[PDB]
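Novice: Provided hereafter are the protein sequence and its experimental coordinates.
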Amino acid sequence: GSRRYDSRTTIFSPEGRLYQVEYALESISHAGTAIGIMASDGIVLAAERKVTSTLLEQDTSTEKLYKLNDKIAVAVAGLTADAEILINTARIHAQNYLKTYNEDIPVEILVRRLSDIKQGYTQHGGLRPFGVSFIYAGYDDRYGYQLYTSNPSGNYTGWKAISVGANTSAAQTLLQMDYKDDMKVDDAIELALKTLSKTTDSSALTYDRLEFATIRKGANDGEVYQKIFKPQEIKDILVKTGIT
Amino acid sequence: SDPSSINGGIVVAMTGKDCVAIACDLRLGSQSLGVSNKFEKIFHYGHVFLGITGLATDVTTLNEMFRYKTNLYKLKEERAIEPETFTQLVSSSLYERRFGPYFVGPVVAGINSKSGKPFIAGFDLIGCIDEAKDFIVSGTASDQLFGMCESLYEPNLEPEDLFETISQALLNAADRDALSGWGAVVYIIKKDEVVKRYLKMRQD
Amino acid sequence: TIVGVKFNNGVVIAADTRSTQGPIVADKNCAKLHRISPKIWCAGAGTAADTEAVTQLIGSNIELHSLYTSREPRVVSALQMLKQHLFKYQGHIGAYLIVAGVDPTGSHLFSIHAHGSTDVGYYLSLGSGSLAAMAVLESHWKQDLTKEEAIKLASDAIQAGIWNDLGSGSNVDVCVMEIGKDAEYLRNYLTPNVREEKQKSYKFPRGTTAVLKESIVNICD
Amino acid sequence: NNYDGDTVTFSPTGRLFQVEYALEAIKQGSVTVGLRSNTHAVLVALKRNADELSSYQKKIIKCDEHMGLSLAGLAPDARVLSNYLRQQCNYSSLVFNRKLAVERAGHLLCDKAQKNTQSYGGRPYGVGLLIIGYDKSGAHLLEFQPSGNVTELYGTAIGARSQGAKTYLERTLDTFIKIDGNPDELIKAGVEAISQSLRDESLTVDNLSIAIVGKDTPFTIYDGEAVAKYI
Amino acid sequence: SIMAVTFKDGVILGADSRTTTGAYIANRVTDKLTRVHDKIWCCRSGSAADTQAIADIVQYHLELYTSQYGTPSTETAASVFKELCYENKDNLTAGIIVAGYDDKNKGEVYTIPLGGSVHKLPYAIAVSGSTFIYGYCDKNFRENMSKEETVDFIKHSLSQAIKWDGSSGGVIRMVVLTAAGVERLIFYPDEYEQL
Amino acid sequence: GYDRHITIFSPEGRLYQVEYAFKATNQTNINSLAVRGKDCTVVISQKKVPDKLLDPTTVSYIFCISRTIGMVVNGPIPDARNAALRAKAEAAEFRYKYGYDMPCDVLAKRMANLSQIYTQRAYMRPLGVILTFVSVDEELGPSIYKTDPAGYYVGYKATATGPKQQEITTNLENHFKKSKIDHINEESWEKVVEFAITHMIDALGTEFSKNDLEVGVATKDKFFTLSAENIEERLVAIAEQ
Amino acid sequence: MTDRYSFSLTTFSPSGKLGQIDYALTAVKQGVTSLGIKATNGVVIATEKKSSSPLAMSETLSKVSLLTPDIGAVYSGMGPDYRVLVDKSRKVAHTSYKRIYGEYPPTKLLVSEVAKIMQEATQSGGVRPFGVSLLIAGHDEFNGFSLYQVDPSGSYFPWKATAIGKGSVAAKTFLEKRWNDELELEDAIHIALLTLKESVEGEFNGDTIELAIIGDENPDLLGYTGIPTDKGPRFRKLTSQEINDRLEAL
Amino acid sequence: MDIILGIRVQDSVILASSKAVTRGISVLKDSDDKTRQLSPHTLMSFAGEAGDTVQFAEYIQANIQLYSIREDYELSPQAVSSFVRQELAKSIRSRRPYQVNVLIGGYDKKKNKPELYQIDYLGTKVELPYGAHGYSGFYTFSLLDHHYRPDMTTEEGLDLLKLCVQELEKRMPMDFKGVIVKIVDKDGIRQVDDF
Amino acid sequence: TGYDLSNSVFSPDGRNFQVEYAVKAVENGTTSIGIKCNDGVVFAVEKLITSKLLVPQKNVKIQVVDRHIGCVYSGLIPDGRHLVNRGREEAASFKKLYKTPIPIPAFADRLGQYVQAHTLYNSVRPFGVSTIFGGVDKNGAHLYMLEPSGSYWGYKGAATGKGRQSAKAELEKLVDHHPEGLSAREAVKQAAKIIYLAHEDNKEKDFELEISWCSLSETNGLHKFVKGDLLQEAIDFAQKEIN
Ligand SMILES: [Cl-]
Ligand SMILES: [Cl-]
Ligand SMILES: [Cl-]
Ligand SMILES: [Mg+2]
Ligand SMILES: [Mg+2]
Ligand SMILES: [Mg+2]
């Protein structure tokens, strides 16, 4: 019957690894690099667009950086289509929590649930896992500014600074070298761009090949603003740090 | 045992010159017993204002529901919902519960951010749209409000004048209804500023 | 009050503009003339939410059908889809509709009861003003009506309803669907009930209303 | 070879190998004999033990007062099919106040076995049954095979070395068919028949299992000291 | 008032043209004679909604039947009507007379009353509230009648019923089912009243 | 190579199971032809009865789907009858739901969409048939729409299907180059059948007896098949000219 | 019986490739060239009508499809897969938007819904991916004119101008040279016809070319008058004659 | 299940709940505690249909205790009240609705403020300085409107509660067998041993 | 390759090998025939006597559907029984809705569509039987033969099983020598002869003959088994013809 054509996507190797999870991670390693850096007074998200074309509409484009609610954003690395399925789920989970408790969802709770959905696809159903790694940048009134990552395994961990996708090995060494705990957002912006500038497979890092976002308390008195940078705003911050 | 008149309360909306006004009483009761004098019936999703009269549990539930739906709208559309579109969403959501309806009389008020056109609308409990140039009324003193509005209202009132007209329309209607009153709130809505005034009224 | 009148080269539907909850007039100028399709129009009586909802659902499904078949939709399709939907709910959806339109087959005029029965006629009327309207139609209808004659007869039948029926009032809405032409929708075709000037102006002196508190509402991000 | 993975695959010569493997389970099973006259029908079964400390596997199951079978192969499958027969016999009684015809019993087992040979995921039954009964058309003996093939016979045998007993019954046919109104003599013919399928081992008191149904005899099973008479 | 009469050449179906809501005549030119197949027609009584829904489903079943198995018998059409009426008797209020012409069987008449039972008769008549009459002038009806005789018989029978009813009224419609084809007849009040 | 057993993509972006379904189309070794008149649509198909024990009246690859739509199948009779029953069901359901007779081209699209699903869903195999739908549509007039196992469909001025399809196609192509029009400029359907048969004889290079052919004719408000005697009368007319 | 294929037919290979998506893109590459160009005051989408037979009526087969009054779609790859996607796209524009908000969806959100359907065919049990790439041109009040490409993976990208299928590599190079941010609609149609002539080998006229625009509102195509806010569809399919007129001044 | 009172003072919330359980014409118990601790700084009193009250209270208690373990965090009184309201708002359009009325008294450790929530069986939530369910409010609200002061202490709040209970014992037809009083402050939940 | 391992898989030829493998099971089965006559149909089958221990006349292979349709098959006997069970459900549901007993062509397509359905999926196995069936309806006598592919046609005479080629040859002679038609009583005698002639291809074990018939004149349009004197008369006629 149909048993003949079943890939068995949810089985262990003799070494005790999940084939499809390992191969999904291999897929993600070829995706454009995404960096998250957490400062004392905000979080930076920086992502590299996958080999841009000159005739691609840059200003009205969203590939890497998505908004989950007013306090939480994600940077994507992997299949964009897969990511959008999970993002819409996360956006609904956040509104369900707000509807139930009349409080914005704590960052970890949203991350755990999205991570638990990925886990399910590795343990049952016989379907391929989601070929997606997320960097979650968020704020809540409990833990303040928080960075997390999740991967197709459904495992998630917290970070002061982290990279996903291409050249993470190289990127993580550079972040580990220059990062310190009493860092400001403006300093973290400079670190994120300098790191992408050195790890990129492109000849030179330009505004048209970048997505950028900050989560600051820059708005008046104890409130968080999400700034998804425009093309012209990336062009300016790229000149100001002296990369172009 | 008539759900629409257990908790009581009223909403009225009016159009002026380049402005709208929406107002409500603050009473929540259990029939004869007054329970709360701080129960606001007007909510806003961006620049779109929604008043809801009727069964208070459904007023709270629909507020929580339209916050949910407009939050998701904004994330996907990357812009705040407009009054005309929100009206259609209220209509859709009410008629979805056609044979198990929310016992409510919702009122939409706001200015279209693009055209600058003042907009008001009212609905029955299953979501039939009443679109009106002049005014919309809802609640246990709807008859009283219709009488006040139909006589007091004139077109193209300035914000400061429209305030007096809607305030007097509500106060005098609430004073002739047992299940309405215990304080009142009036929102004056201009294109890019919104003033909220609490009215002094008799507490009986 | 809603009427349908067939003429030489098409069909005309007319309606009043009064919405009521009990004895109170909720809307003085509501539109009871619905577009199922560009050249298929509907007049609705009964539960206002039900007539709008059932008209939009069939209208949506007709549009999708028109795209799939690459053909202008037919009135019999709108009729068949409406009657089967209404029959399913056994009259619990209180929509009484006059369905008129022009399609490749020709010009059609139908009525649909809330329980899912349909009729065919040269002239029809529905709603609380149907008997007032039908009296005018029975008195003045003739075979081989011209378009100008048909509009007059339809608007006269609505007028009978407006004056003599408490459920009907305000203005008259007409939609004319002629073969080989765009359907013309004449919103507020007649306005014979204009509110007379008020004797006095009830504009209040500013500061008349006592105010406990003032605050600025933040609607921005 | 390549066409024996499941019951949904024909071989290039038009064979169902999973069915033929199920048939093989019966040949490994202990011998059981069936034979009938015009008045009575008899089942004789050689029960098998795991060792001298163990009991002897029961081969004969009662289905109604007028019908029962003996099994050879997977005992749990005999339990499933015998339970199904009990329900069909019971349905016939409750709904129609009618004893289920032995022929209809056969037809129902056939159709149940067949569905398990045409559907993916399921497997064929791994047991053969000898159904005896007395209904409105007299005494009956059926042979069931998990291919679905059911056959009405004067006599037969299934299990290991069954060919010996089957040859004897083929010779004796004209004798035992006319044993009318004499239960003990028809059993004796059944015990002499199963004896032709013995090697080294002989029939002992806790080894032999006999069942009988007939004109004025409900389906009754004889085991232990009750079968000592026929050794 | 609806009746179907079998005659020499085939069968004729007749009815009034009046539909009522309370005492108000909703339609005074109603077509109560419905085509479920080229030469299988029915007369509808009871709920207008219920009879239309059933007549539409039966027409679908006979169209599908014709595609697969060719032209269906009048008996087959009656059976489909009964099945819908009997199985949904709790939620339905429909009384139906089925009349059809076969070249083999000629004219046949079947009645499905409120019960959901089926009866094959030479003729049938229903008046007031889907009320079938067993006798209805048994000496006024003879087997193998003429077209004009049959038309005259139905015209008279329905006129008498409209004289004493109130439910029935307007024009008399008839459908003639024969080998020749299908004919539609209409009689206005001024003709049929003076009888 | 399990990418050749089910309807999934091969490395070169092909569905082999779809391509093999097309080859099953010609398993019957029968050629069909469809042309349009002014008022009518004619479809002719070869009728081969090799066994002497067969009842020739029951051997047919032309189906009366509805009262206005006819359909000729090129492929094995089991898949032909599977498609026929479904088309009959779909045509009847359409009339019930939408209150008018299903058009030829809309039925074609519906059957093509069903065929498409078999090419995307793994558990279902494609039907090894090509469906040629004919009618005189009340909006579009004389209509020919043809479906295949890939889920492809299109309208035709005229068409041919079967082993010697290309020979019949070029024969018709050359006629329409000469006549300079999109149809057979002929009043009666009788003469449009005579054209269809004549051009099949010229293309295949074979003569036909009354039992060698099978003819379907669509007119306004009915599609019907010709009897052996109806074809015989038609063959006599060709011979006497 | 029953669908026993409840497992993914698209899985990760050790290299991290999704084979069935890669192979679907190969099917798109074999497909006939289609392109889209965005102007300041409109969008043009165009493709060749590769006719299977000259006896076939190429009018009946429509490669350029209206999705909403203001959104149109063209494809490269497997035609049948496109036809069912158009059906599903038209329906989802109603069920998941118009029947909720009482207005047609904006281009990016209908694209998002089409993308979702195609992503599901990539992960759901017992199905292969769709063997098509879509170009969706549309207008909406708050985003203006926009052009999107959708791939078998479910990925979508916004384009100023692009091409897909047989001669896309050459076509994209041609568009890069000709495209600027000051193009009027007529200029974009002219460039579209120039770009498409390169990829077409046989006859090049209004009968072998299919072309549609998202431009000004068309009151004449609405089918009724009387509602001032309803000004008619922005999607218009150019006629055989209208194309031939622009091929003379080429 | 009859009398449940609540007073929010400066630094605490006081819940008073009647001790009597009456089934038919007999008082089964005179020491019943009509309250469940939802979290260390959140207390819920309840009154309504027999069985439903305790079943609902324990169900809420389990769900809040589950959240506390999962997140190692105490949910705010506002959050707990919003959760409880949504559960009751589901109940009212169920096959068989929970007929339970609740007061939720909590100390918010983030705001350092006491909070009292009143939710009826329909899911009608309201935040109040003082609240009651059923006929309790009819006698006590006039007293509270008069004697209640916003900057009152816990001792002042207990004296004002004694005045409410004395008025109820005088003018109420049933013997509710006195009240169990529980204070919710920054230090948690304690019971007044003698009242 | 491996195109023959799974049902519903097209080979590069465009063939379903699993269906062709099912035909081999049919070819392996005993001989069964059908003869269409003036006003009805005759069915006959070869029953191999494996052992003396088989009860004569009490292992009936020909099955009735409704009251007017006969069914006989060669191949996997249980598969035939499964198909007849389905045929009875189809005939019952037809009669329930349409009143009239199912016409033979109508009934033929019901079996046809069901058998064809078992060639559409790999989760199911094709039927390992060719089924000869027919009877009398309003339009007269009808004989059909249905194969594992779902393919069926009308027949003047039909044959399937191990002795099909022998039976077909003897059937072809009857069609040629009786163009104006064969009578019901004649067709019973001819059926017997053809089974005896077809038994030459299966002559290791001796056999038992079984005949049934539907005739408008002889059985009043109902399906009956040929028993007693009429069966022995047909056997005697067949015995005289082989010698
Ligand atoms: Cl009617
Ligand atoms: Cl047919
Ligand atoms: Cl479809
Ligand atoms: Mg008051
Ligand atoms: Mg497939
Ligand atoms: Mg309350």
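Specialist: Good, I have the coordinates. Residues are numbered from 1 along each chain as shown, chains lettered A, B, ... in the order given. Ligands and ions are numbered 1, 2, ... in the order given.
Novice: where do the strands sit along chain I?
Specialist: I:32-37, I:40-48, I:63-65, I:69-75, I:129-137, I:140-146, I:152-154, I:157-160, I:207-215, I:223-225 (DSSP state E).
Novice: Compare those strands and report which one is nearest to chain F.
Specialist: Using CB to the nearest CB as the measure, strand I:152-154 is the one of the strands of chain I that comes nearest chain F, at 3.1 Å. The way it works is simple: take the backbone N, C-alpha and C, and place the C-beta from them, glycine included.
Novice: is chain E contacted by that closest one?
Specialist: No - under the criterion of CB under 8 Å from any CB of the partner chain, chain E is not reached by strand I:152-154; the shortest gap measures 14.9 Å.
Novice: and the residue of chain G nearest chain I?
Specialist: For chain G, the residue closest to chain I is residue G:4, as judged by CB to the nearest CB, at 5.0 Å.
Novice: Report the separation between that residue and residue A:224.
Specialist: In this view, residue G:4 and residue A:224 are 50 Å apart by CB to CB, to the nearest Å.
Novice: any chance of the strands of chain I in CSV, plus mean neighbour count and distance to ligand 6?
Specialist: What follows is the strands of chain I, written out as CSV (neighbours: other CB atoms under 10 Å in any protein chain shown; distance: least, CB to the ion, whole Å):
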stretch, mean neighbour count, distance to ligand 6
strand I:32-37, 29, 82
strand I:40-48, 26, 82
strand I:63-65, 22, 71
strand I:69-75, 28, 73
strand I:129-137, 27, 74
strand I:140-146, 24, 74
strand I:152-154, 22, 74
strand I:157-160, 29, 82
strand I:207-215, 23, 81
strand I:223-225, 19, 78
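Novice: what would those look like in a markdown table with distance to residue G:131?
Specialist: Supplementary listing: these in a markdown table, determined by distance: least, CB to CB, whole Å:
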| stretch | distance to residue G:131 |
| --- | --- |
| strand I:32-37 | 48 |
| strand I:40-48 | 51 |
| strand I:63-65 | 46 |
| strand I:69-75 | 41 |
| strand I:129-137 | 40 |
| strand I:140-146 | 38 |
| strand I:152-154 | 37 |
| strand I:157-160 | 43 |
| strand I:207-215 | 54 |
| strand I:223-225 | 53 |
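Novice: Looking at those, which is nearest to residue C:125?
Specialist: With CB to CB as the criterion, residue C:125 lies closest to strand I:129-137 of those, at 53.4 Å.
Novice: Measure how far that closest one is from the centre of its chain, please.
Specialist: When C-alpha coordinates are averaged (CA atoms, centre = their mean, to the nearest Å), strand I:129-137 and its chain have centres 6 Å apart.
Novice: Buried residues in the longest helix seen in chain I, which are they?
Specialist: Scanning chain I for the helix with the most residues, using DSSP state H, yields helix I:77-98. Residues of helix I:77-98 classed as buried: I:77-84, I:87-88, I:90-91, I:94, I:98 (neighbour count, 16 or more other CB atoms under 10 Å in any protein chain shown).
Novice: Show me where chain D has its strands.
Specialist: Along chain D, the stretches classed as strands by DSSP E are D:32-36, D:40-46, D:60-64, D:67-73, D:127-135, D:138-144, D:150-153, D:155-158, D:208-214, D:217-222.
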